[PDB]
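Here is what each chain is made of, one letter per residue.
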Amino acid sequence: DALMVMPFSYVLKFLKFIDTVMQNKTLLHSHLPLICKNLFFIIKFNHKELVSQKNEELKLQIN
Amino acid sequence: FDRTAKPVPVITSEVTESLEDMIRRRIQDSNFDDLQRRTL
Amino acid sequence: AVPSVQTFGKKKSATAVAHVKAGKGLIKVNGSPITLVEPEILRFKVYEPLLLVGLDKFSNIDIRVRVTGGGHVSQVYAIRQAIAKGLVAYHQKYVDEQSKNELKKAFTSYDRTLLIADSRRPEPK
Amino acid sequence: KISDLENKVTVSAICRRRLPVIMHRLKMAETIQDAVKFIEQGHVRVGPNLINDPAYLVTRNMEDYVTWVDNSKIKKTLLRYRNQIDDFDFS
Amino acid sequence: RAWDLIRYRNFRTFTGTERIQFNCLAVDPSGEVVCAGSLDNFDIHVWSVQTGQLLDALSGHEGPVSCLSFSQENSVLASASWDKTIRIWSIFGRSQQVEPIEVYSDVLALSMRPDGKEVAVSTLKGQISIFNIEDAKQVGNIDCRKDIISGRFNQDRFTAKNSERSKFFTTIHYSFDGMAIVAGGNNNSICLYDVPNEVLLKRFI
Amino acid sequence: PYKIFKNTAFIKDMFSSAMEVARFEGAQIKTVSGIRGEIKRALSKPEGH
Amino acid sequence: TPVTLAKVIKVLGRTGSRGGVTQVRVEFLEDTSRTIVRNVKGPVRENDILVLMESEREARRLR
Amino acid sequence: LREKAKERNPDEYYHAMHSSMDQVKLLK
Amino acid sequence: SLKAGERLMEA
Amino acid sequence: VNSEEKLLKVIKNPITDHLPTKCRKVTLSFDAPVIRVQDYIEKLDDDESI
Amino acid sequence: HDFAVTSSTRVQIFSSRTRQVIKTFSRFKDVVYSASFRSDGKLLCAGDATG
Amino acid sequence: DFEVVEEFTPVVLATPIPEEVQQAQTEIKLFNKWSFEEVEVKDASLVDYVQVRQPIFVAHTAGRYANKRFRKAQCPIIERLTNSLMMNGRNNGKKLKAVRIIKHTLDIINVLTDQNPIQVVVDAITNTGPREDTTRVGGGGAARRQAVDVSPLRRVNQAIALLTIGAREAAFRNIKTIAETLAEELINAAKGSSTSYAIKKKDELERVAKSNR
Amino acid sequence: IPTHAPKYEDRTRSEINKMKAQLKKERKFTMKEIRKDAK
Amino acid sequence: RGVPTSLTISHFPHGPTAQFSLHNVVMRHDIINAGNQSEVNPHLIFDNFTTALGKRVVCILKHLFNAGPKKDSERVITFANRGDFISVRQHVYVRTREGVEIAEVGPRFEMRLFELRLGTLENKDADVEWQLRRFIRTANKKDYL
Amino acid sequence: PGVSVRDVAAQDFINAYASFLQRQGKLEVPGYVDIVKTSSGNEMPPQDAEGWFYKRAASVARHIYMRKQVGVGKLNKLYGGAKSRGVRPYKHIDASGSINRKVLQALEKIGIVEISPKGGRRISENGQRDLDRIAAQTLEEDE
RNA sequence: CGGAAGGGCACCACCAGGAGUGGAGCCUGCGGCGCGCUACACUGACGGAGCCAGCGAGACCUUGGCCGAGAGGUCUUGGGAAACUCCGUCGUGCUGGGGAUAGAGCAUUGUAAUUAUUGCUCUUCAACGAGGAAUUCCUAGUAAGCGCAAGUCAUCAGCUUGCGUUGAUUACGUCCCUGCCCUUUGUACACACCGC
C-alpha cells in the first residue's frame, strides 16, 4: 500500500534515486532484491502514465 | 393468613457480602467450572 | 372439454387464483372488469403485463381472477403475478412454445417478479 | 452399541429400508404392491433422477428427498384433489 | 486433498469433524481458500490453504448444495442448491454478505463467465438460465427439454419420449469467449449452445 | 367472580378498597369447587375488585 | 468557472485516513495521462467520474 | 390432530381421490 | 507518528 | 398574561444556527482601535444582519 | 364548453351544455374584480380587491 | 418502402379498454402522460447514477434496492424522489400519498413550464447536487474544516434530500401545499435561481470549501 | 410594539386540582407502603 | 412497562427451551456511565446446583457461554443459587499482593426457571420436561420445584 | 349488451342513481334529515344536507344488489366507522339504525327492494331492471 | 514491572442519517429517576362514498324484525379493522387542530344510601405555537405508522403477548478517534513470503 499510495511526482523521484544507487553500486549489491521488487512494482503500477510521458532524461535513466 | 408462592428475595448488604465472599473463595482457589476444550 | 389452465399469484398474504380459457377476450377480476380495480393509482401496475405483451393475446383469451387475503398493494401485486403466470401457462400449453419463450423473455426482461415470487425471507447479521 | 450390530440387523430391517416399504411408510402409495406398480410405470424419483427398480435400499438423505416425478398424472390428481394445480410449473 | 503437480505429493487432507461426504468443490482464484459442498450437511465448508484448519461453515441453504464455483475476478462464489436457489456469497473484507436468487426448479449445474459477471445454472426442468451477478437479475434462459436425445432402456415399461429420465442437463461449462455453453447430462447427447443468440449450435450423440 | 378467562378470574365483593386488596395480596385462595389460587393485584377502576 | 472531470482508477485502501474520507487515485478524463491522489467523501467505487474544481493540489493525509 | 396436520407430508396418494320445502324434498 | 508511504515520501 | 406567545425562549445552541444567512459578526475589544458606528452601518450592505 | 363569471367574493365557472355551476372559487376575502382565462385554457387569473 | 405487418385483425376486447391505455401500449410513459425519451442528463459524471433509461408507469416498484451498495443507483429517479418525500413522523409508510403528491407536482411543473416535468426534475437534481464538502479535521482539539471532493452517489442523495427538505420546510405552516411548493423548488433549482433552499445550501457549502480549500 | 407582562411566583379549579393531586400522591404512597409491608 | 420480567432461551437444532422469569433487574445504563464491558472470554462460576434439574440448567448456561477460556481471563460471570432464585453478576478480579479483589459490574438480576420444553419455542405443543407447579400444597417450601 | 353495477364503477353509479332518485322525487325522506348525525362517532351532520339521504339510498341499493340480502344490523356494522375517544385509544362504533331503517322502508315503499325469506331485504326484479338501466345510462354517459 | 511493533472487532467507535426521551396533558414502574399514550394541525381537520386481512374456538354470544337522534331497550334464530383511496367543505387564524374543566339533559347496571358507575346528546374551548442542558436506540420487509384477537400455572388488565396491514432516508467502508481483543518460536507439509 505504501508504494501504491504515492503520486507520479514521487514516482519519478523514486526512479531518480534508483539511478543514483546504480551509480553507487555497492549499496545496490547490498540490497539487490528489495530494490528490484520495489522498482518492478512501481513501474507495473504506474506503467500507463510512464509510457504516456515524454522525457529524454527519463529515457536515459531507464536505460 | 397463608401465602401461596415463594416471596422474591430482596437483596441486602449481608447476602451480597456473603456472595462476594463466596466468589473471593472461588477465585482464590482458582477452582471454578468452565467449558474446557475437547481434547483429541 | 374446454381448454382451461389455473395459476396462483402470491404476494405477502394475498392469494390470487386465476383461471384462463379460450373465449371472447375478457379480463374480469372478482366479477368486475379489470378497469375497476381498487386503489385507482396502481391500475397501471395491474395493466403492466397486458401493455407489455400487447392486447391481441388477451383478445383471444378469457380470464377470471379471484383474490383473497392481503391489503391493497399486496392484492394488486398478487393479481399481476397471477395474470402473467396464467397467460404464459396457457401459451405453454395450448399454443406454440416459441411464443411461450417470447412471452417469458419479455416479462422477465421487464420485471422478474411478474413470474416468480419474491419471498422476502429474513436473515441475521 | 455393537450388540445392535450383532443382533439388530435383520432381513426385516433391510427389507424395510427397501424402496416401496419406504413409499408406503411415507404414505405415498396406500399398498406395497401399488408402490411397486408406480415404480414400474415410472412415477417416482429420488433427488434428481428417477428410479425403476423396486429392489433399491434408499439411503437416509435420499429417502428424505424422495418424491413423485413431475408432470405425472398421479401428482396431477393429487394437486387436483387439493384443488391447487399450478400449470406454470405444469404440475 | 491437495496435490502438487511439480513434486506430486499431498499437502493437507482437509476435512470437517464428522467425516461428511463432499460432492462439489471450488477454489479461490489466488489459491488461498478452498470450499467444499457436501450433500448431507448443506453447509459450504471453507478451509484456508496454508494453515490447514477450516475457516468457516457457511450456512444458509436449505437442502444440499448442488454446485459451487468462484467468479475469478471479483473472487465471489456462487452456491447453487436444491432449495431452488442460487446464493452469491462475498466472503472477503469484513462484510460476509449474501445475495439469494430464486429459480423455478431444483438446480444441479453451474458455471460463471471468464469475465466473472454472469452465471449459467441448469435446473431440473431443462432450462439453462443465465443471471447477471451485480444486479442479481436474469439475462435470460435457453430451453433444453426438446433437443435432448434420450435413450430407451431394455427394462422399461414406458416409452423413451414421455420419459423424464434424463430430460435435463447435470453439467454446464462455458466457452473461454463467454459465448458458448456445453451441456451434458445423463442423456445420450452433448449439446453446444450459443449464449447471445440463445440457440443451439451443435448436438453430438 | 364476575369475569373469567382460562386460569384467571376477576373477583368482586370480597374487600372494600384497593388498600385492603394490597394488604391481602399474594393469597393462597380457593373456591368451593376445590381449586386453588392466589389474589394477585388490586384492580384499579372498581373499588374492591 | 471551468470545472474538470476525472475518473476513479483505484481506491487506495489501508492508508491512515479520517473516517468517512477515502483517498482515491483519479485520472483526468480529458487527458488520460495525469493521475492525482484526491480525496472523496461519499461512497465510491472504481471507474466512476468525479468533478474537480482545482487540479493542481493533491489531497494528503488528515490524521 | 394438530400434530398430524403438522406432519401431513403432502405427497399422499390414496385411490379415493378420483371422486314449498316439503314439495322440494319430495321432488328431490 | 507518521505512516509508511508518508515517511517514505518525506525521506 | 396575554396568553399569545412564549416571550423568552431558551433555544438550542448555537447562535450560528439561530442566526441569519448574510451577516457581519463583530466583538467589542477594548484594545482594538476605534471605529465610527454610523459610518460602519452605512458602509455595511443592504440585506445584512449585524 | 365553459366560462367564468365574477361575483360576490366568488368566481364561478359554468359549463355550456348543461348551463350549471361547475366550479366555485371562494378562497377570497373581499369581492373579486376580474377573471380571465389563458390562451391554453388552463389557468385563470382573478383580480381581487386587496391588491 | 419496406414494412412489417404484425397485426391482422383489429384488436377488440370483451371488456372495454380505453384509448389512453391503447396509447400506452403504443409507448409506455409516466402516469400515461410523460414520455421518457429525450430526457437526458445534461452533464456527465452523473449518468449511470441518475437512471432514467428503463421506462416505468408508476413509481411504486417495491424491488430490493437496499441489499448491495449501489442498487440505489439502479433505482429509477422518481421512485427515489417519492421515497425521500414520505419522510416524517406522521408520514412513515404512506407511499400512495407520496405518489399522489408527485403526480400533482409533475402536473403543476408541466403547466408552468411546458418543456417536460421529468426533464425539469433531472435537470434540477443535476444542478443542485453539491460539488465539494468540508469535513471536520479534529486537529487534536482545533476543529477546522478541510475541503474534500464528493462521490456522485452522495451528490445525488444529497440533492434529493435538499430538495425534499426544502419543500417540506417551505410548506410546513404555510398556505401553499407540498405539491405546489415542491414544483416551485424544482423549477427554481432547474433555473439555478438562488432563491431556492437547495441552491442556497449548495452554494454555501461550495463557498466554505472554496474558502478553506 | 405592544409590551406584555409575564406571570410568575381559576380558584375552584385550582382547589380541585390540589385536592386530586393530594389524593393521587396519598393513595400511591400508602399503597406502596402497604405492599412492601405485606411482602 | 420497561421492566424486564421474562427471558426464554432455545437451543436450535430441535433443542430445549428454558423459560425464566427475571425480576430484580439493574442495568449499567441504570447505574452510571462507568466505561464499557471488557468483553474478554469470561470465566464461569456456579454455586449450589445440586439436583438433575440443576445439572440441566448448568449445562444449558455453560454451553451458552464460550468454550476454553484463558487462564488469566479477567471477567467472571457468577450464577449463585439460593432457594430456586439464581442470581447472576459480572465481576472483574485482580490478584493482589495477598489475595483477590473483585469489582461488581454488568447487569444485576435474579432469574428463576419456570419451564423447560423439549422442542424449540416455535411449537407450544412440544412435551414438557419440567414445569413449575404453583398451586400445590408445598409450593412455598419446595426447592427446585 | 346487458351490463350491471358490477361492471359500472362505484362512485359514478352512486352519484347518477342518487341524482335520478332526486329528480324522481318519490322517496319520502323523513322529517329529521337535517338534525341527524348519521352516527354517534361522527362530529357533525352531513355537509350537503339536501341529498345525502338520496346518496344513502343509492348506496344501500347498490350494496344489497352486490350482496343478496342484508339486515339493518348488517348495514349498521357496514357503515359505522371508528370513533375518536380523544385522550384514550380509538375503537369501533356501529352506524345509525334509525336512518338505515328509514332508508330500507322507503326503498321498500318504492319497490326497488323487497322482503326476503330467512329474514332480510333483497333486491326486487323491477328495481333490478331499473338499476341495470341506469348502469347502462352511466356507461353510455360518454355519448 | 513497563513499553514498542504488527493484526482483528464494535451503531459502548468514526462516518451518513433516522426516530425518540427531556417542554404540555394523561397514564404507570421506581423516590427526584424512569416507561408508554395523545397532541401541537393543510402530507391536515371534517362530511359523504369505496372497500382488503391474519392469529384465535371450555341465561353466553347471536342472524333477522321492531321502535328510539343516540345511548339503548323489544320480539324472533343456532350452538367484512384502521391507517387508506376518491369526491367535497375549511383555509392559516392558539382557527373548525386540541379536548382539559364545567353545566344541563337522556338512558343502562347494581342497589336502596335521593348510593355509585357506565354510555349518549347539547353547551363551556384551558395548557399545548415542534420542545434547553443533555440523553437513548437503530442499518431491510429494519425504523416508523395502523388496527385486530387472546389472557391458555411465572409477568401483565388505562397492560402484556401474539397477529396482519402500510413501509422508507442513510452506512454496508475504515481502524483516523474511543475502546476491546490477539500475536511477537509458520511449526504445519509442498510454490511463494518473512526472517532475531
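Colleague: Please explain the overall build of chain D as it appears in this structure.
Modeller: Summing up its helical and strand segments, chain D has six helices and three strands in all. At 15 Å, chain D has a C-alpha radius of gyration far larger than the 12 Å of a compact globule built from 91 residues. Based on the C-alpha atoms only, the size of chain D along its principal axes is roughly 50 × 25 × 20 Å. Here chain D holds 91 residues, and the buried ones make up 43% of them. Relative to all contacts within chain D whose residues are 6 or more apart in sequence, the contacts with residues 24 or more apart total 41%. Surface summary for chain D: the accessible area is close to 5,100 Å², and the carbon and sulfur share equals 54%.

Colleague: Would you explain the overall build of chain K in this entry?
Modeller: Looking only at helices and strands, chain K features zero helices and five strands. The secondary structure elements of chain K, listed N-terminal to C-terminal, are β-β-β-β-β. In terms of its C-alpha atoms, chain K occupies a principal-axis envelope of roughly 35 × 25 × 15 Å. Within the span of chain K, comprising 51 residues, buried residues form 12% of the whole. For chain K, the share of sequence-separated contacts (at least 6 apart) that also reach a separation of at least 24 residues comes to 17%. Carbon and sulfur atoms form 49% of the exposed surface of chain K, whose accessible area is close to 4,000 Å². Charge-centre separation for chain K: the mean point of 8 positive side chains lies 8 Å from the mean point of 4 negative side chains.

Colleague: I tried to follow the sheet that holds strand β10 (residues 118-123) of chain E on my own but got confused; where do I start?
Modeller: Two modes of strand pairing occur in sheets, parallel and antiparallel, and in both the strands are linked by backbone hydrogen bonds. Residues and elements named next belong to chain E. Strands sit in the order β9-β10-β11-β12 across an open sheet of four strands; the sheet is antiparallel. Pairing within the sheet leaves two strands with one partner each, and these edge strands are β9 (107-112) and β12 (137-142). Taking the axes of each pair of neighbouring strands and ignoring which way they run, one obtains an average angle of 25 degrees across the sheet.

Colleague: Please clarify how the pattern of salt bridges should be interpreted in this entry.
Modeller: Pairing between side chains becomes possible if they bear opposite charge and their charged atoms approach one another. Tallying each qualifying case throughout the model produces 42 salt bridges over all chains. The salt bridge involving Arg71 of chain L is made with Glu99 of chain E; its shortest N-O contact spans 2.3 Å. Taken as a pair, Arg71 of chain L in helix α2 (residues 71-74) and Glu99 of chain E in strand β8 (residues 97-102) lie in two separate chains rather than in one. Residue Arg71 of chain L shares its accessibility class with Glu99 of chain E, and that shared class is buried.

Colleague: Would you mind showing me how to read the protein's contact with RNA strand P here?
Modeller: In the region of RNA strand P, 154 residues are neighbours, and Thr8 and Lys40 of chain F, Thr177 of chain L together with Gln11 and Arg62 of chain O sit closest. For RNA strand P, the backbone makes up 68% of the atoms found within 4 Å of the protein, where backbone means sugar plus phosphate. One nitrogen or oxygen atom from the main chain of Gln37 of chain N is found 3.5 Å from a base nitrogen belonging to RNA strand P. Backbone polar atom of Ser38 of chain N to a sugar or linking oxygen of RNA strand P: 2.8 Å apart, as the coordinates give it. Here the residues of the surface near RNA strand P are counted per class, giving 36 nonpolar, 57 polar and 61 charged.

Colleague: Please clarify how the side chain of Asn41 of chain E should be interpreted in this entry.
Modeller: By the secondary structure assignment, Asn41 of chain E is in the loop between β2 (33-38) and β3 (44-48). Within the structure, the side chain of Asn41 of chain E is placed 2.9 Å from the side chain of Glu18 of chain E, a separation counted as a polar contact.

Colleague: Hey, could you run me through the interface of chain N and chain B in this one?
Modeller: By convention, interface size is frequently given as the accessible area that disappears when the constituent parts associate. Taken residue by residue, the interface counts 36 residues in chain N and 25 residues in chain B. Summing both partners gives a buried area of about 2,800 Å² for chain N against chain B, and 60% of it is carried by carbon and sulfur. It is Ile45, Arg82 and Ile102 of chain N that lose the most area in chain N upon contact with chain B, and together they represent 18% of the buried surface on that side. As a salt-bridge pair, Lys62 of chain N and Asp33 of chain B come within 3.0 Å of each other at their nearest N and O atoms. At the surface where chain N touches chain B, the tally comes to eight residue pairs in polar contact. Elements that contribute at least two residues to the side of chain N that touches chain B include exactly β3 (43-47), α2 (52-64), β4 (75-82), β5 (85-95) and β6 (100-117) of chain N. The dominant element in the side of chain N that touches chain B, judged by the number of residues it contributes, is β6 of chain N, at seven residues. Looking at the side of chain N that touches chain B, its residues break down into 12 nonpolar, 10 polar and 14 charged.

Colleague: Honestly, the sheet that holds strand β4 (residues 49-52) of chain G in this entry has me stumped. Any pointers?
Modeller: All names here are of chain G. Pairing within the open sheet is antiparallel, and its four strands lie in the order β3-β2-β1-β4. The open sheet has two edge strands, β3 (35-40) and β4, and neither has a second partner. Taken pair by pair, the neighbouring strands of this sheet meet at an average axis angle of 50 degrees, ignoring direction. Of the strand pairs in this sheet, strand β2 (residues 22-28) and β3 are connected by six bridges, and their pairing is antiparallel. What sits directly across from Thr22, in β3, is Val40.

Colleague: It is not clear to me how helix α1 (residues 10-24) of chain O should be interpreted in this structure. Could you clarify?
Modeller: Note that an α-helix has 3.6 residues per turn; residues three or four places apart therefore point the same way. All names here are of chain O. The end-to-end C-alpha separation of α1 is 21 Å, in line with the 21 Å expected for 15 residues at 1.5 Å each. Where the residues of α1 are buried, they touch α2 (52-66) and α5 (125-139). In the stretch just after α1, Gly25 is the one whose phi turns positive, near 85 degrees.

Colleague: Please explain the packing of α2 of chain O against helix α3 (residues 72-79) of chain O as it appears in this structure.
Modeller: Each pair of packed helices can be described by the angle between their axes along with the distance between the axes. All names here are of chain O. Packing of α2 against α3 brings their axes to within 12 Å, and their N-to-C directions diverge by 110 degrees. What the angle tells us is that α2 and α3 run roughly perpendicular. Facing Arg56, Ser59, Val60 and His63 of α2, the residues of α3 in contact are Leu75, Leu78 and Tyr79. The residue inventory of the contact of α2 with α3, partitioned by class, reads four nonpolar, two polar and one charged.

Colleague: How should the nonpolar core be read in this particular structure?
Modeller: Looking at soluble globular proteins, one finds that nonpolar side chains tend to be buried together. Among the nonpolar cores identified, the biggest contains 47 residues, and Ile34, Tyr47, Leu50, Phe58 and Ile83 of chain C are the most heavily contacted of them. Breaking this core down by element, the ones donating at least two residues are β2 (15-22), β3 (27-29), α1 (43-53), β5 (61-68), α3 (72-94) and α4 (97-110) of chain C together with α1 (19-26) of chain L. Examining the composition of this core, we find that 11 residues originate from one element, α3 of chain C, more than from any other. Those residues in contact with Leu50 of chain C, other than ones at most four positions away along the chain, are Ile27, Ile34, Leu55, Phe58 and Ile83 of chain C. Of all hydrophobic cores here, the second largest spans 40 residues; its members include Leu30, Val50, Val99 and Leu162 of chain L.

Colleague: Any chance you could explain the arrangement of the chains here in plain terms?
Modeller: Summarising the chain contacts, 21 pairs of chains touch, and the pair with the most contacts is chains B and N. The two units chain C and chain H are non-contacting; their minimal C-alpha-C-alpha distance is 18 Å. One finds no contact linking chain H with chain I; the least C-alpha distance across the pair is 63 Å.

Colleague: Can you walk me through the packing of aromatic side chains in this structure?
Modeller: The geometry of an aromatic ring pair comes down to the distance between the two centres and the angle between the two planes. On inspection of all chains with the given rule, the structure shows 21 aromatic pairs over all chains. Geometrically, the ring pair formed by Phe44 of chain C and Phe57 of chain L is stacked, given 5.1 Å between the ring centres and 20 degrees between the ring planes. Here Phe44 of chain C is found in helix α1, whereas its partner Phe57 of chain L is found in the loop between α1 and α2 on a different chain. On the accessibility criterion, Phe44 of chain C (12% relative accessible area) is buried. Pairing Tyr17 of chain O with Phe20 of chain O gives two aromatic rings, centres 5.7 Å apart and planes at 20 degrees, and the pair type is stacked. In this pair, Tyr17 of chain O and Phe20 of chain O are both assigned in helix α1, three residues apart and thus about one turn of the helix distant. Owing to a relative accessible area of 1%, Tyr17 of chain O belongs among the buried residues under this scheme. By the ring-pair criterion, three or more aromatic residues cluster together here, those being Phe1 of chain B together with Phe15 and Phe24 of chain F. For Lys93 of chain C, the ring lying beneath its charged end belongs to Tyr94 of chain C, and the centroid distance is 5.6 Å.

Rules behind the numbers
- Residues are labelled from 1 along each chain in written sequence order, independent of how the entry numbers them, and those without coordinates are excluded.
- Just so you know, chain letters begin at A and ligand numbers begin at 1, following the order they were written in.
- What you see is a piece of a larger assembly; the numbers all apply to this piece alone.
- Heavy atoms from the whole structure form the basis of all side-chain values; hydrogens and water molecules are not counted.
- Residues with missing side-chain atoms are left out of burial classes, side-chain pairs and their counts.
- Helix and strand labels come from DSSP, where a helix needs a run of H or I of at least four residues and a strand needs a run of E of at least two; each type is numbered from the N terminus.
- For the radius of gyration, the atom set is restricted to C-alpha positions; the globular benchmark scales as 2.2 Å times the number of residues to the power 0.38.
- Residue burial is assigned from relative accessible area. The probe radius is 1.4 Å, only protein chains are included, and a residue is buried under 20% of its type maximum, exposed over 50%, and partly exposed in between.
- We call two residues in contact when some of their heavy atoms are within 4.5 Å.
- Calculation of accessible area relied on Shrake-Rupley with a 1.4 Å probe; when residues are assessed, cover is drawn exclusively from the protein chains displayed.
- In summary, the charge assignment counts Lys and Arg as positive and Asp and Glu as negative, without counting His or the chain termini.
- A single reference atom marks each charge: NZ on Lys, CZ on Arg, CG on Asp, CD on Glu.
- Strands are treated as partners if at least two bridges between them are detected by DSSP.
- Between N-to-C directions, angles span 0 to 180 degrees; the directions come from axes that are lines fitted to C-alpha atoms, helices contributing only their stretch in contact.
- For this document, the term salt bridge refers to a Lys or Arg side-chain nitrogen within 4 Å of an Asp or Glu carboxyl oxygen.
- We call a residue near a molecule or strand when any one of its heavy atoms sits within 4 Å of it.
- Pairs of N or O atoms are called polar contacts if they sit within 3.5 Å, as long as, within protein, a hydrogen donor faces a hydrogen acceptor (for residues adjacent in sequence, only side-chain-to-side-chain pairs).
- All amino acids are sorted into three groups, where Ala, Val, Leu, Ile, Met, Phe, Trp, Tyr, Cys and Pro are nonpolar, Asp, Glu, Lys and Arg are charged, and the leftover types, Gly among them, are polar.
- Two parts placed together each lose some accessible area under a 1.4 Å probe, and the buried area is that loss summed for both.
- Helix span, expected: 1.5 Å multiplied by one less than the number of residues in the helix.
- Every angle not falling under 35 degrees, over 145, or within 65 to 115 is termed oblique; those three ranges are roughly parallel, roughly antiparallel and roughly perpendicular.
- What makes a nonpolar core is a set of buried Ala, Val, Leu, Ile, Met, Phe, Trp, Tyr and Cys residues whose side-chain atoms join them at distances within 4.5 Å.
- Geometry of aromatic contacts follows a simple scheme: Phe, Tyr and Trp rings, the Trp one being its six-membered ring, pair when their centres are within 6.5 Å, and the pair is stacked under 30 degrees between planes, edge-to-face over 60, tilted otherwise.
- Only when the NZ of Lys or the CZ of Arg is both within 6 Å of the ring centre and within 35 degrees of the ring normal is a charge said to sit over the ring.

Honestly, it's all geometry; don't read function into it.
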